[PDB]
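What follows is a short report on a single structure.
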Amino acid sequence: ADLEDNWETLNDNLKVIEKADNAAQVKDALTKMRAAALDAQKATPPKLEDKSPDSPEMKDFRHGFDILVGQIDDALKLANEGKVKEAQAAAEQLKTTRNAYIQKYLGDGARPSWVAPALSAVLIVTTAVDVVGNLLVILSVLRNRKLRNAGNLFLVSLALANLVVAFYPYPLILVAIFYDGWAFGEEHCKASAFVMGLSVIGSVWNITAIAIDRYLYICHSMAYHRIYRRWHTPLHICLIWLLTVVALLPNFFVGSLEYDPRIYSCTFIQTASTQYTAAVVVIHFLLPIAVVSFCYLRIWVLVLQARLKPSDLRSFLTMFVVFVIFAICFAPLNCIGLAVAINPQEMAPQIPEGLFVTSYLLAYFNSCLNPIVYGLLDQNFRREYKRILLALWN
Amino acid sequence: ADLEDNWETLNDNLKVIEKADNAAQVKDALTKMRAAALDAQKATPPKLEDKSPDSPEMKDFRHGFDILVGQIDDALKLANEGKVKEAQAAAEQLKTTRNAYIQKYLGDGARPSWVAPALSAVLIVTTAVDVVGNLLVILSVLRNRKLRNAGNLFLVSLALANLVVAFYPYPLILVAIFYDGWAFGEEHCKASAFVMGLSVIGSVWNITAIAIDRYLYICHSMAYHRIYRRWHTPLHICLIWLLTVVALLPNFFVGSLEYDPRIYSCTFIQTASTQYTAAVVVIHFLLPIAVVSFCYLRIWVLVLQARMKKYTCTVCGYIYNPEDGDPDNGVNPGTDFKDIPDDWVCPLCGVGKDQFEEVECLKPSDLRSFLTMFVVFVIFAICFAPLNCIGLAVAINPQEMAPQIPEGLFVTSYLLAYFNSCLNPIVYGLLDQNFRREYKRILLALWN
Ligand SMILES: COc1ccc2[nH]c(-c3ccccc3)c(CCNC(C)=O)c2c1
Ligand SMILES: COc1ccc2[nH]c(-c3ccccc3)c(CCNC(C)=O)c2c1
Ligand SMILES: [Zn+2]
């Protein structure tokens with residue numbers, strides 16, 4: 001039997017012992033566990049495959065199994081006596097506890113089998129739709145005199161924020177999944193973690209700048225037309241990106257950019273400094289999500305009081321949906337970060353790995369959604385996407 | 001303008017409204033449609049040519065146009081307001097009435113009398129064996145944990161490709177034969193046509209994924225085992241199905257999913273865009289048929305050379321398995337017997353490799369059933385080679401080569417292609433001993 005296959009066997013019967021109602025169900029499960037333990041001990045690990053069978057690295061895995069075999073025999077000594085709870089306790093609090101004391105028996109039970117293929121599928125799809133999708137957005141906005149419309153600079157600003165992350169950190173996390181551990185230097189670690197901070201942080205500030213601009217243009221159009229914009233807009237875009245770089249610099253002093261084995265990515269660590277992460281969740285999420293929720297509620301009340309035409313909603317509809325799609329995508333992880341920011345000594349271990357990865361899978365997915373919402377809601381973008389593709393077939 | 005000519009005009013502008021990006025493109029198409037409707041109303045139908053101009057049969061066609069002109073005016077009332085999707089939708093309610101009320105008079109309904117009973121017989125039999133047959137393969141693979149891990153996780157994926165089509169488009173077509181024309185909405189039309197595209201396209205990528213899998217397992221055995229798999233193949237299966245959905249999306253922009261009266265089925269149209277169909281025939285048939293013919297040529301050369309054969313011991317009877325090796329005495333799994341050094345001995349009696357003879361006859365279950373899998377590939381190719389040839393001939397020159405495709409031949413190509421949805425569970429049962437055993441275990445448990 002295969003080592004990866006035998007690893008699944010020992011964990012499946014471990015789950016059975018918990019959901020068991022009688023000592024015979026337990027004694028049956030503990031027999032399959034001891035048999036699959038001795039088979040996997042005869043097998044060679046993948047990381048230490050080149051190492052000697054007597055080497056201090058390969059003989060460490062062999063010995064780890066010897067401890068659990070005796071622990072299983074100890075547990076079935078109780079299950080034979082008809083003591084169900086007594087053996088059910090000697091299973092979970094001994095097969096897992098000594099696994100951390102054996103190290104190599106703790107790695108398989110740390111991460112679920114599903115995160116590696118789910119993450120890699122999500123990143124492949126996200127990177128693919130990102131490059132094509134946002135590259136179309138760039139080209140659509142560049143043609144003829146389209147750039148003379150200032151607001152189109154915000155679509156190029158967000159297109160690059162989405163884009164840059166697909167060209168540097170996303171490809172290397174995919175190498176980190178297939179190599180099981182970060183395969184590049186400590187240089188590329190903090191640098192990949194930084195550009196993702198630029199994208200995720202830089203995006204909310206563009207999304208906010210838009211919400212204020214579209215708030216004044218619709219609600220106080222008298223005062224809005226009095227104030228210029230043709231040159232104001234490229235100044236505002238430039239300012240938010242330098243503002244972003246500044247907000248990210250405490251990461252190098254507080255040491256919060258390091259590789260997270262749970263998500264195979266070098267990213268920002270919420271436990272490294274609960275002071276910085278508390279500010280990151282407030283000042284760079286709940287603060288902007290609040291002001292923009294306010295901006296767009298004032299716009300929707302005037303539309304509700306105006307009732308209509310498909311060309312009348314055109315001014316903001318596309319930009320409102322992108323904001324909402326952003327909020328959903330980043331609300332879960334910001335909640336995890338908030339719970340850790342209050343009391344990490346007790347609330348942090350209560351965050352399951354299954355939930356944590358689910359928060360990062362959505363947050364990564366957001367890097368490709370924008371051109372889709374443009375295609376589904378904007379007729380003029382849908383037309384533009386068709387023109388570019390036709391240009392390539394003709 | 002001629003009545004047959006005006007019927008082509010109203011259907012051409014109907015296609016334009018779908019592929020339209022602005023209300024003006026729609027308002028322009030709806031104006032040409034109303035004009036061509038009033039011209040055809042002034043014309044006499046061919047079936048009711050002998051009838052009186054005021055007769056209840058001839059005045060029925062005149063009134064049918066009055067309704068269509070009213071709803072065209074209703075649709076352009078939306079297109080003037082700048083509501084594109086709202087009028088694009090109200091142009092489908094116009095597509096139904098023009099195909100339920102105006103399909104009565106005119107039209108060349110020249111089909112042979114056999115295309116109805118043959119098609120319906122083939123579909124009934126195909127659907128029946130498809131459901132039972134592939135439901136057995138799904139069951140036997142998840143049931144037996146050993147045969148599942150033998151690279152046969154793509155077989156459940158292939159079987160789901162065969163199944164899905166028996167549950168939605170095949171039953172509908174059968175209603176389309178007994179009702180003589182598509183009896184369901186335009187919604188269920190392009191949708192049923194999509195579900196078939198998923199199966200036929202997804203199957204070749206499933207069949208390719210296995211051909212590569214067995215190619216590396218047999219030819220690059222050493223490097224193979226070095227690379228993980230438990231999480232690799234569910235990622236590969238997931239990738240092929242998204243790959244497939246992607247390849248099918250141009251159908252909604254080029255408008256190639258519509259009902260074909262010759263085959264009573266809403267399917268993909270080869271003439272709607274010869275650019276897309278040329279790619280469909282190349283990228284999704286001749287390209288994969290080529291790479292897999294390459295995969296199986298490099299396997300068959302090893303078999304001919306005897307480079308991956310089992311060796312039975314002429315003394316204690318121990319059989320050497322290249323898939324297994326002799327790991328405890330240094331020969332890691334995947335090693336060929338001809339590659340073991342001379343100092344190796346039988347691990348059961350100590351006789352030298354010197355006194356080992358090869359198993360002459362290679363069973364189809366061997367080397368992850370490469371023989372059974374190769375057969376399925378060949379069957380698939382025969383089943384879809386004719387229609388892909390028709391599609392290729394139409395893709396070059398459709399102005400002259402397309403009318404030269406007889407209806408009798410075209411339906412014959414679709415009859416085989418439909419039949420392919422049920423065959424593979426049979427080829428597994430006839431050639432794989434372990435599947436035949438599993439089939440019996442399923443049948444005997446439900447019976448007893
Ligand atoms: C402040 O310095 C950095 C620096 C790097 C960062 N990378 C990410 C991130 C990247 C991709 C997907 C989700 C989050 C955050 C945002 C992380 N937010 C929370 C609440 O943990 C981040 C922040
Ligand atoms: C490309 O988008 C679609 C979309 C739907 C499709 N349905 C079928 C098909 C279904 C059952 C039997 C035979 C063909 C093809 C395959 C059609 N291939 C050719 C050469 O015409 C198909 C393709
Ligand atoms: Zn022997």
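Within each chain, counting starts at residue 1; across the structure tokens, chains are named A, B, ... in the order shown, with ligands numbered 1 upward in that order.
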
- Message: Could you pull out the helix (DSSP H, G or I) residues of range 236-439 of chain B, going by DSSP on the backbone, and write them as number ranges by chain?
- Response: B: 236-252, 261-263, 274-305, 327-329, 337-339, 353-355, 366-396, 407-419, 424-431, 433-439

Within 9 Å of chain B, which residues of chain A show up when using only C-alpha atoms, listed as a PDB file with C-alpha atoms, in the first residue's frame?
ATOM      1  CA  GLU A   4      -0.061   8.850   0.970  1.00  0.00           C
ATOM      2  CA  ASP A   5      -2.894   6.232   0.793  1.00  0.00           C
ATOM      3  CA  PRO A  46       8.962  12.443  -0.276  1.00  0.00           C
ATOM      4  CA  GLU A  49      13.688  10.546  -0.447  1.00  0.00           C
ATOM      5  CA  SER A 113      -5.759  17.146   1.728  1.00  0.00           C
ATOM      6  CA  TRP A 114      -8.108  19.541  -0.116  1.00  0.00           C
ATOM      7  CA  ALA A 116      -3.474  22.068  -2.110  1.00  0.00           C
ATOM      8  CA  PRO A 117      -5.754  21.303  -5.159  1.00  0.00           C
ATOM      9  CA  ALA A 118      -8.416  23.956  -4.289  1.00  0.00           C
ATOM     10  CA  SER A 120      -3.996  25.851  -7.008  1.00  0.00           C
ATOM     11  CA  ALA A 121      -7.256  25.655  -8.981  1.00  0.00           C
ATOM     12  CA  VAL A 125      -8.286  30.461 -12.820  1.00  0.00           C
ATOM     13  CA  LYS A 309     -33.587  54.621 -17.803  1.00  0.00           C
ATOM     14  CA  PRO A 310     -30.740  52.087 -18.432  1.00  0.00           C
ATOM     15  CA  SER A 311     -28.473  55.032 -19.445  1.00  0.00           C
ATOM     16  CA  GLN A 379     -23.031  47.499 -22.801  1.00  0.00           C
ATOM     17  CA  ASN A 380     -20.150  49.719 -24.052  1.00  0.00           C
ATOM     18  CA  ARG A 382     -19.152  44.299 -23.777  1.00  0.00           C
ATOM     19  CA  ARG A 383     -18.911  45.962 -27.258  1.00  0.00           C
ATOM     20  CA  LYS A 386     -15.862  42.002 -28.763  1.00  0.00           C
ATOM     21  CA  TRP A 393      -9.269  36.765 -35.432  1.00  0.00           C
TER      22      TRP A 393
END

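Taking only C-alpha atoms and all ligand atoms into account, the residues that come within 9 Å of ligand 3 are residues 312, 313, 314, 315, 316, 317, 318, 319, 345, 346, 347, 348, 349, 350, 351, 352, 353, 355 and 356 of chain B.
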
- List the neighbours of range 274-287 of chain A out to 8 Å using only C-alpha atoms; skip same-chain residues closer than 2 positions along the sequence, and give me the result as number ranges by chain. A: 201, 204, 250, 270-272, 289-291, 334, 337-338, 340-342

- Shell around residue 376 in chain B at 12 Å using only C-alpha atoms, local window under 2 positions removed, as JSON, numbers by chain: {"B": [155, 158, 203, 204, 206, 207, 208, 210, 211, 292, 369, 370, 371, 372, 373, 374, 378, 379, 380, 381, 382, 383, 420, 421, 422, 423, 424, 425, 426, 427, 428, 429, 430, 431]}

- For residue 396 in chain B, which residue among B:43, B:137, B:279, B:302 is the nearest when counting only C-alpha atoms? B:279

- Of the candidates B:388, B:199, B:55, B:93, which one gets nearest to ligand 2 if we count only C-alpha atoms and all ligand atoms?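 Smallest separation from ligand 2 among the options: B:388.
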
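Surrounding range 166-174 of chain A within 9 Å are residues 119, 120, 123, 124, 126, 127, 128, 130, 131, 182, 183, 184, 188, 189, 191, 192, 193, 195, 196, 263, 264, 265, 266, 364 and 367 of chain A, with only C-alpha atoms counted and residues fewer than 6 positions along the same chain left out.
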
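Distances here use only C-alpha atoms and all ligand atoms; by that measure, the residue among B:400, B:342, B:260, B:366 closest to ligand 2 is B:260.
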
- Message: What parts of range 165-277 of chain A does DSSP call strand (DSSP E)? I'd like the answer as a PyMOL selection string.
- Response: chain A and resi 257-260+265-268

Neighbour list for range 32-45 of chain A as a PDB file with N, CA and C atoms, in the first residue's frame, cut-off 7 Å, only C-alpha atoms, skip fewer than 5 positions in-chain:
ATOM      1  N   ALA A   1       0.824  -1.208   0.000  1.00  0.00           N
ATOM      2  CA  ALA A   1       0.000   0.000   0.000  1.00  0.00           C
ATOM      3  C   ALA A   1       0.864   1.268   0.000  1.00  0.00           C
ATOM      4  N   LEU A   3       2.181   5.199   0.725  1.00  0.00           N
ATOM      5  CA  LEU A   3       2.390   6.015   1.936  1.00  0.00           C
ATOM      6  C   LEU A   3       1.332   7.116   2.098  1.00  0.00           C
ATOM      7  N   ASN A   6      -1.973   5.205   2.851  1.00  0.00           N
ATOM      8  CA  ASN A   6      -1.944   4.722   4.237  1.00  0.00           C
ATOM      9  C   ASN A   6      -2.142   5.858   5.241  1.00  0.00           C
ATOM     10  N   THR A   9      -5.890   6.330   5.463  1.00  0.00           N
ATOM     11  CA  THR A   9      -6.452   5.181   6.192  1.00  0.00           C
ATOM     12  C   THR A   9      -6.437   5.437   7.711  1.00  0.00           C
ATOM     13  N   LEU A  10      -5.249   5.756   8.281  1.00  0.00           N
ATOM     14  CA  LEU A  10      -5.032   6.014   9.712  1.00  0.00           C
ATOM     15  C   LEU A  10      -5.839   7.218  10.240  1.00  0.00           C
ATOM     16  N   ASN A  13     -10.033   6.032  10.166  1.00  0.00           N
ATOM     17  CA  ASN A  13     -10.361   5.163  11.301  1.00  0.00           C
ATOM     18  C   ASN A  13     -10.298   5.934  12.625  1.00  0.00           C
ATOM     19  N   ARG A  62      10.880   6.800  10.969  1.00  0.00           N
ATOM     20  CA  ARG A  62      10.768   5.378  11.336  1.00  0.00           C
ATOM     21  C   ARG A  62      10.430   5.217  12.819  1.00  0.00           C
ATOM     22  N   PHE A  65       6.732   6.305  14.158  1.00  0.00           N
ATOM     23  CA  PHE A  65       5.714   5.273  14.003  1.00  0.00           C
ATOM     24  C   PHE A  65       5.762   4.266  15.157  1.00  0.00           C
ATOM     25  N   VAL A  69       2.467   2.961  17.415  1.00  0.00           N
ATOM     26  CA  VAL A  69       2.150   1.510  17.382  1.00  0.00           C
ATOM     27  C   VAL A  69       1.874   1.024  18.822  1.00  0.00           C
ATOM     28  N   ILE A  72      -1.317   2.598  20.208  1.00  0.00           N
ATOM     29  CA  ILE A  72      -2.495   1.955  19.606  1.00  0.00           C
ATOM     30  C   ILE A  72      -2.780   0.652  20.378  1.00  0.00           C
TER      31      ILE A  72
END

- Could you pull out the residues sitting within 7 Å of ligand 2, using only C-alpha atoms and all ligand atoms, and write them as a VMD selection string? chain B and resid 193 to 194 196 to 197 200 248 251 257 267 to 270 277 280 to 281 387 to 388 391 414 417 to 418

- Just how far from CA of residue 250 in chain B is CA of residue 175 in chain B, in Å to one decimal? 28.0 Å

- Task: May I have the residues within 12 Å of residue 296 in chain A as a PyMOL selection string, using only C-alpha atoms and disregarding those fewer than 5 positions away in the same chain?
- Result: chain A and resi 207-208+210-219+289-291+301-303+316-317+319-321+323-324

- Item | Counting only C-alpha atoms, the residue of A:100, A:327, A:17, A:313 that sits nearest residue 87 in chain A | A:17

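Restricting the calculation to only C-alpha atoms and all ligand atoms, the smallest distance between ligand 1 and any of A:354, A:332, A:151, A:82 is found for A:332.
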
- Task: Kindly give the distance, in Å, that separates CA of residue 363 in chain B and CA of residue 126 in chain B, rounded to a single decimal.
- Result: 28.6 Å
